[PDB]
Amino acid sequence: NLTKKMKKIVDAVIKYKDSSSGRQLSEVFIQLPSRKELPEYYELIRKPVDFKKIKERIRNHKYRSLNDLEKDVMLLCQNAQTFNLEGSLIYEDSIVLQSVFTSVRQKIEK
């Protein structure tokens, strides 16, 4: 019920495609490179999180409110903006996914 509405919102943010390109913005954010693939990420970033983890925290009842879900999504995006350079595509995708989240959330809340 809360779990299922959290699921719906995340599935739709994951599925979201850029208008002109049709590119699925979430794609790089689904799953972080492993600690051995990219140790720099884990040195720089304090609370690593990817969409796979967010889906696990949902399934495991770790979010008490839609606000707690939003907080972890906004953190994934913040972490992307810290690791990647301003002016990079990945950085900007994380920026855009902030408003995709809030839009999807609103629609679903209604």
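Here, rigid core means the biggest group of C-alpha atoms that superpose within 1.5 Å across both forms. Counting begins at 1, following the sequence as shown.
When the other structures are laid on this one by the rigid core, do the CA atoms of 16-24 or of 98-106 sit farther away in 6 other deposited structures of this protein?
More C-alpha displacement in 6 other deposited structures of this protein shows up in 16-24.
Could you settle it for me: does 91-99 or 14-22 have the higher average Cα B factor in the PDB entry?
Stretch with the greater average CA B-factor: 14-22.
Report the stretch with the higher mean CA temperature factor, choosing between 32-40 and 57-65 on the basis of the entry.
Higher mean C-alpha B-factor: 32-40.
Splitting the chain's C-alpha B-factors into thirds, which one does residue 46 fall into?
For residue 46, the deposited C-alpha B-factor lands in the highest third.
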